[PDB]
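This document starts with one chain, in the form deposited in one PDB entry, laid out as structure tokens.
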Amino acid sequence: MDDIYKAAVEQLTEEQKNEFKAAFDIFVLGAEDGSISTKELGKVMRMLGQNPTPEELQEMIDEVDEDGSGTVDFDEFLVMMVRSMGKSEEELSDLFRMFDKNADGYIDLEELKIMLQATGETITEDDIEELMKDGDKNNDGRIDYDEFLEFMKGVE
């Protein structure tokens, strides 16, 4: 679910990025590290008509904090902004069957490559290497039903 948001970040126009940077620079007025701590984030939410606990708030920072710093910088801020801008499990179950062409209950690399070839787009060994790389999180050569659900989380 994390790389869906980084795809959204990659597709922000320079006009949303220029606007988000202006909002971010106002956000960080007064912070000594020049980043959004719980203090500034709380003020904006106290002022946005909510009221967060000092650890209710650390949770939102720590959800986009790829720094282990308890603060949100501009890149993490963009992730946070698009996260606030999927498909049902019963529907993914039926689509999962279309992948599993030998009906063994798993999708292997060749079945994944047959579907990719069917898309019509030009496919590379790195496309296939990193798609199976994302799906198979126990690297056992198969993506089972549960991995397929997480693999497709949020996919339109």
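Numbers follow the displayed sequence, beginning with 1. The term rigid core refers to the most C-alpha atoms you can superpose between the two forms while keeping them within 1.5 Å.
Colleague: What number of deposited residues lacks coordinates in the span between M85 and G86: none, 1 to 3, 4 to 9, or 10 or more?
Modeller: Per the record, 4 to 9 deposited residues are absent between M85 and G86.
Colleague: Regarding 129 to 137 and 21 to 29, which shows the higher C-alpha temperature factor on average in the entry?
Modeller: It is 129 to 137 that shows the higher mean C-alpha B-factor.
Colleague: Given the B-factors recorded for C-alpha atoms, which segment has the greater mean, 49 to 57 or 106 to 114?
Modeller: That would be 49 to 57.
Colleague: For the C-alpha B-factor as written in the entry, point me to the maximum among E40, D100, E121, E63.
Modeller: Checking the PDB record, the top C-alpha B-factor among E40, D100, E121, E63 is at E121.
Colleague: Going by what the PDB entry lists, where does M1 fall on CA B-factor within its chain: lowest, middle or highest third?
Modeller: Within its chain, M1 is a highest-third residue by C-alpha B-factor, going by the deposited values.
Colleague: Taking only the Cα B-factors deposited for this chain, tell me whether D144 sits in the lowest, middle or highest third.
Modeller: Middle third by C-alpha B-factor.
One more form of this protein exists, namely the form deposited in another entry; it is left out here, but the text below deals with it.
Colleague: Using the rigid core as the reference frame, would you say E66 shifts its C-alpha by 2 Å or more between the shown form and the other one?
Modeller: Yes, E66 moves 2 Å or more.
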